[PDB]
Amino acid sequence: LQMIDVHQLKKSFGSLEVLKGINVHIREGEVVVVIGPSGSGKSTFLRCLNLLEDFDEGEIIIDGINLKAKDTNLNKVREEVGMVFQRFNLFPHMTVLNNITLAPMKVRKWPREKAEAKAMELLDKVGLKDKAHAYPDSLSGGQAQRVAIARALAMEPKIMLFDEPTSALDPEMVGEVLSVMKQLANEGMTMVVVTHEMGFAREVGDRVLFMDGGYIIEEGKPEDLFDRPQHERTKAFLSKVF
């Protein structure tokens, strides 16, 4: 019933315990925003959610399937969780269209015509249908990140992870990437977004999770955490950024 469930998740990289046991339970259709200083383990957490990194202690069950359960097919899981990174979301050697159908064809064995019918719909939905036969290098940062999203949505995931999707964009390119995301939030997509775009969080986020030094130090509805933070660390952090 809970789309994403994490119990005392712990993760260490050598002599450094990056995650020190965190608890996260995200309901289906819930949009969760994660914030916090560099090195607080935000990326590591996301990488564990879509089986890109392995964890030490605690357990992660997404959509009711324990990632450590002996039977569970780790690929069905990966297939249902999509991810958009800060950069490097596309293959520069193929067209926008081909970037999008690559996985649906290889992983889902969809015939080309089917994959493309689906790819063009998505592309048309982020306003870049006319970029189908272009290469990534010809796209602005704003168009590329939209293509990146369309590409992840092509696998029709149940979950969508975003690791600083607009962070590396020129300020004017931010808006277009954020509106596509809010629409995703509007259609009930379960979402976890690592971002420091306040506006997006206030208007679309259900909860904000403040991470600092391996722990989720505070959480709450966006309004409450931003305007009336209860923990001294949240305050210090907030005052230093945005």
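Numbering starts at 1 and follows the sequence shown.
**Q** For the C-alpha atoms alone, is the average B factor greater in 159-167 or in 104-112, going by the entry?
**A** For C-alpha atoms only, the mean B-factor is higher in 104-112.
**Q** Give the stretch, out of 218-226 and 10-18, with the larger mean C-alpha temperature factor in the deposited entry.
**A** Per the PDB entry, the higher value belongs to 10-18.
**Q** Quick one: which of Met181, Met198, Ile60, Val208 has the biggest Cα B-factor according to the entry?
**A** Largest recorded C-alpha B-factor: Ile60.
**Q** Sort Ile65, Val33, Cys48, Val177 by C-alpha B-factor from the entry and give me just the highest.
**A** Of the options given, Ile65 has the highest CA B-factor in the PDB entry.
**Q** Ranking the modelled residues of this chain by C-alpha B-factor as given in the entry, is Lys125 in the lowest, middle or highest third?
**A** It belongs to the middle third of the chain when residues are ordered by C-alpha B-factor.
**Q** Ranking the modelled residues of this chain by C-alpha B-factor as given in the entry, is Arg78 in the lowest, middle or highest third?
**A** Ranked within chain, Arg78 CA B lands in the highest tercile.
**Q** What third of its chain, lowest, middle or highest, does the C-alpha temperature factor of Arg27 fall into?
**A** It falls in the top third of the chain.
**Q** Among the chain's modelled residues, which third holds the C-alpha B-factor of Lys42?
**A** Within its chain, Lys42 is a lowest-third residue by C-alpha B-factor, going by the deposited values.
**Q** Could you tell me which third, lowest, middle or highest, the C-alpha B-factor of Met189 occupies within its chain?
**A** For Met189, the deposited C-alpha B-factor lands in the middle third.
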